[PDB]
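First comes the structure, then the notes that go with it.
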Amino acid sequence: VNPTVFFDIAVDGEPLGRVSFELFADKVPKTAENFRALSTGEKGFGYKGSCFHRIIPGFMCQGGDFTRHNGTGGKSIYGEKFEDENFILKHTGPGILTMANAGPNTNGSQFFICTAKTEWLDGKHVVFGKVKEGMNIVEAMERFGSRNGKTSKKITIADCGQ
């Protein structure tokens, strides 16, 4: 019933493998739809070609800034940053997909793939999906991260879709 999307991940342009995600459209439909549509490219823009610009071991891989590629950009499919949809789902472990934001009600297009149980985000970040296949690839990505998230290689979404 929930939709599934994928990213093909590359490291300095060399394929690392495919990560797939379940999006929890049954609980956070607006937030799921935003990520789903950015993954397909159906609105004419989205995640294909973007990078994970901040990777912090023990915490997350952060991506989704497909406009400035550095955390300062990103945009939703709604024409404006959108509200926190709900906090029904919690940060229960590695593989959780949750929105990155600039505080309450500032969701754009950036997200974390959690690499640990990140319970310190509960009630502040909207959980909207989880890794289905390819968690080992996310663990491999995490190894290219460092203290404040600087990545040692360019980690990109070479392709993506539903």
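Virtual Cβ from ideal backbone geometry, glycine too; neighbours counted across all protein chains shown. Read-outs: derived from the displayed coordinates by stated rules, not from any lab.
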- Pull out the extension gain between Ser20 and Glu42, defined as 0.36 nm times the separation in residues minus the alpha carbon to alpha carbon distance; nm, one decimal. 6.1 nm
- Task: Express in nm, to one decimal, how much length is gained between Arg143 and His69 on full extension, taking 0.36 nm for each residue of separation and deducting their alpha carbon distance.
- Result: 24.7 nm
- Calculate for the chain the 222 nm mean residue ellipticity that helices alone would give, adding -39,500 (n - 2.57) per DSSP H run of length 4 or more and normalising by residue count, nearest 500 deg cm²/dmol. -3500 deg cm²/dmol
- Of the listed pairs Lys27/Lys117; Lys27/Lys150; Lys124/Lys150; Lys43/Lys81, which have alpha-carbon separations greater than 22 Å here? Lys27/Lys150; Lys124/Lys150
- Could you state the number of Å between the C-alpha centres of the stretch 116-136 and the stretch 1-75? 13 Å
- Query: What length, rounded to one decimal in nm, is gained on full extension from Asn105 through to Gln162, with 0.36 nm per residue of separation minus their alpha-carbon distance?
  - Reply: 17.9 nm
- Query: What are the ³J(HN,Hα) values, in whole Hz, obtained from phi via the Karplus relation 6.51 cos²θ - 1.76 cosθ + 1.60 with θ = phi - 60°, for each residue of the stretch 61-71 in sequence order, with x given for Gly and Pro?
  - Reply: 10, 10, x, x, 7, 8, 10, 10, 6, 8, x
- Between the stretch 77-104 and the stretch 138-152, what is the C-alpha centre distance in whole Å? 22 Å
- Task: Under 9 Å from the Cβ of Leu97, count the other residues' Cβ atoms, weight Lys and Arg +1, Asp and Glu -1, and hand me the total.
- Result: 0
- Each residue of the stretch 26-32 in order: what ³J(HN,Hα) in whole Hz does its phi give by Karplus 6.51 cos²θ - 1.76 cosθ + 1.60, θ = phi - 60°, with x for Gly and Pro? 6, 10, 9, x, 5, 5, 4
- Query: With the contact rule set at Cα under 8 Å and sequence spacing of 6 or more, what percent relative contact order holds for the chain?
  - Reply: 34 percent
- Task: Report Rg (one decimal) and Dmax (nearest whole number) for the stretch 9-162, counting Cα atoms only, units Å.
- Result: 13.9, 38
- Peptides ranked, highest mean first, by Cβ atoms within 10 Å: ranges 35-41, 84-90: 35-41, 84-90
- Query: Where does each of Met141, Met60, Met135 land when they are ranked from fewest to most other beta-carbon atoms within 10 angstrom?
  - Reply: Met135, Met141, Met60
